[PDB]
């Protein structure tokens, strides 16, 4: 089942981005103005991983032109858990959920996201058991 849902805007620190209203299901806000080098820290909300192993990480994303990518990691940069390409979705508020698997150690994690290439918006992230 679901370990955590983290709204992207609920970061404890960030660099290079700005919040904006989203018209995705549920409304609220998304993170926008994402470019290479920009990042989001969720260190203020540690997430508990119950056992070491494979977890599915989902990202709710929108992208006009595609070309984006991110790195999912611990806040601060290391260890890195995984990377994912962000596809074109049709528009800045046309939303889809993408996913990948990563290995995570058991215990408390402070997650972060680094943008390797921009061109996308982020509504929320979800961590799931496999």
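Positions refer to the first chain, counted from 1.
Novice: Using only the Cα atoms and their B-factors as the entry lists them, report which of 19-27 and 109-117 averages higher.
Specialist: In the deposited entry, the stretch with the higher C-alpha B-factor mean is 19-27.
Novice: When the Cα temperature factors in the entry are averaged, is it 68-76 or 86-94 that ends up higher?
Specialist: So the stretch with the higher mean C-alpha B-factor is 86-94.
Novice: Taking the values straight from the PDB record, which of 50, 44, 37, 32 has the highest C-alpha temperature factor?
Specialist: The listed residue with the largest C-alpha B-factor is 50.
Novice: In terms of the CA temperature factor given in the entry, to which third of its chain does residue 127 belong: lowest, middle or highest?
Specialist: Answer is middle: the recorded C-alpha B-factor places it there.
Novice: Ordered by C-alpha B-factor within the chain, which third holds residue 6? Give me lowest, middle or highest, please.
Specialist: Middle third - that is where residue 6 ends up once the chain's C-alpha B-factors are sorted.
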